[PDB]
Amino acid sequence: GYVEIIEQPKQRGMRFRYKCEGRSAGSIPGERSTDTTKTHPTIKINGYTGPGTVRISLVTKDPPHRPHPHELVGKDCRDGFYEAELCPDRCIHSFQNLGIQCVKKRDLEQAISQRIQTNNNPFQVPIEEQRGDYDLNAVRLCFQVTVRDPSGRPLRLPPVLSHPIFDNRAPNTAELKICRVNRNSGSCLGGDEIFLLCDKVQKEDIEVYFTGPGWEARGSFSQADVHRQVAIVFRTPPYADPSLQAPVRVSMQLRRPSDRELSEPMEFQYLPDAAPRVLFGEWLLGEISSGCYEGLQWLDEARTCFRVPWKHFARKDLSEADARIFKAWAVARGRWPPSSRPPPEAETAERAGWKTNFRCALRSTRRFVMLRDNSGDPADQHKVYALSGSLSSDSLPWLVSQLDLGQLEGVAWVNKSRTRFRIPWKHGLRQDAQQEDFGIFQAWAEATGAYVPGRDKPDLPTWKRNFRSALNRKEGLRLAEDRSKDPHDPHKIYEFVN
């Protein structure tokens, strides 16, 4: 024989209950239940009527139908599931006391262990697939009946699954309901602004869905137009026929994109003729595309690479255009008053911060990658970036370590107690000036990604200046002698002192 569900449990509308609420917390209503008439989950056992048993347990909504962590509670419920004796003279069975008790996330592992610990595993899902996040907002009832083969031995028949049951209290699975509308009428051209009061919705997964005699439209609003999850202010979409001679009654309803869920419709008839959130990545792409920031432009037709002007802000010729995108970000986020439509020229004190906020925000976003740091070539200082995944082709202690190594010629020790070391130091303007002469200098540039033997013109004075600048005002290290001027053997001598 075989089990058949005759009355499915209502899918939306009932919230799960926490042990803490306990008390008398109703039971799972049946598919066809109304405010005036409640029905209950019901199965029919085709091809058998007699002694037997029925276990109803909870399982995952999706394919690897693992034992769900929540548990059934009510008459004849123990260890998380339901089990009772069948009525020998009825082949239709009703369950009117099924309650779903949801377990807390903190206690999820123990709950799952209890499920394995009690053999409540209908499809004997191997402990492997039995792991991975669980959707605690949805469950499916699993009916496991056991009749008896022609006189004698017991007989378990295929388990059957019910439609899933969603937690009405959980925000992303609750039942959608429009509660009050501003105006239920408007122009066939659309564009009339409407205020809709609703039940909890998620501003990032919800839409106002219009329909009717073979037609579909959607009101327009940014997430910023959804107020504290219970109010949406949008604009009416254009009607199919932009030339009415009479009004037309259409349907208006809330729609949850992710799963197609819909709410009861609200009449709306057409008649005859809030600042959006600035997300950094989306904002940046828009600004580069605008063509309004000299220097901020795409470097290809696919629009996967782009340059950002990056002149050092210590430069005295630093212009407005040089810092325009950095300032634009400050203004969009309200950290700097806009223009006309006071202000204080203390605007140049602000720019270093504007640059760092822009650099840091860009980095947090994780949506970009740096291809080339051309904030060097004096002519055009800028950086080049590529969007994540599309053509990602990136292209005192240190000295202490270096002292022992003394690899390259020119450097070594004079003090066999570690502290008095000799570094070369020939003046770059010497005809005899060698490339490997600034070898110790070259090591620092390479060892900081500052220099790459392949993709970087060599800059000897900078390598020397940066190596020197690092040491200088570094309390815990200083100079000794200074045969730098020495025409024959140029070189200095340093030492430490914590």
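When you see a residue number, it is the position in the sequence shown, counting from 1.
J.: How many residues sit between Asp273 and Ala274 in the deposited sequence but have no coordinates: none, 1 to 3, 4 to 9, or 10 or more?
T.: 10 or more residues lack coordinates between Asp273 and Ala274.
J.: Please count the deposited residues lying between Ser151 and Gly152 that the model leaves without coordinates, and give the class: none, 1 to 3, 4 to 9, or 10 or more.
T.: In the record, the chain runs straight from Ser151 to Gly152 with none unmodelled.
J.: Looking at the entry, does 460-468 or 49-57 show the higher mean C-alpha B-factor?
T.: For C-alpha atoms only, the mean B-factor is higher in 460-468.
J.: Between 58-66 and 433-441, point out the one with the higher average CA B-factor as the PDB entry records it.
T.: The deposited B-factors put 433-441 ahead on the C-alpha mean.
J.: Among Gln407, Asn357, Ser364, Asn137, which residue carries the highest C-alpha B-factor recorded in the PDB entry?
T.: If I rank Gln407, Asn357, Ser364, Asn137 by C-alpha B-factor, first place goes to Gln407.
J.: Between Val414, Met370, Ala170, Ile165, where does the Cα B-factor run highest in the record?
T.: The C-alpha B-factor peaks, among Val414, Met370, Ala170, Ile165, at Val414.
J.: Report the third (lowest, middle or highest) to which the CA temperature factor of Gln202 belongs, ranking only the modelled residues of the same chain.
T.: For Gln202, whose C-alpha B-factor we compare with every modelled residue in the chain, the answer is the lowest third.
J.: Taking the entry's C-alpha B-factors for this chain, is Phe268 in the lowest, middle or highest third?
T.: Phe268: CA B-factor falls in the middle third of its chain.
J.: Would you please rank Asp107 by its C-alpha temperature factor against the other modelled residues of its chain and give the third it falls in: lowest, middle or highest?
T.: Its C-alpha B-factor belongs to the middle third of this chain's values.
J.: Taking the entry's C-alpha B-factors for this chain, is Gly353 in the lowest, middle or highest third?
T.: Tercile = lowest for this residue's CA B-factor.
J.: Lowest, middle or highest third: where is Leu477 by Cα B-factor in its chain?
T.: Highest third of the chain for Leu477's C-alpha B-factor.
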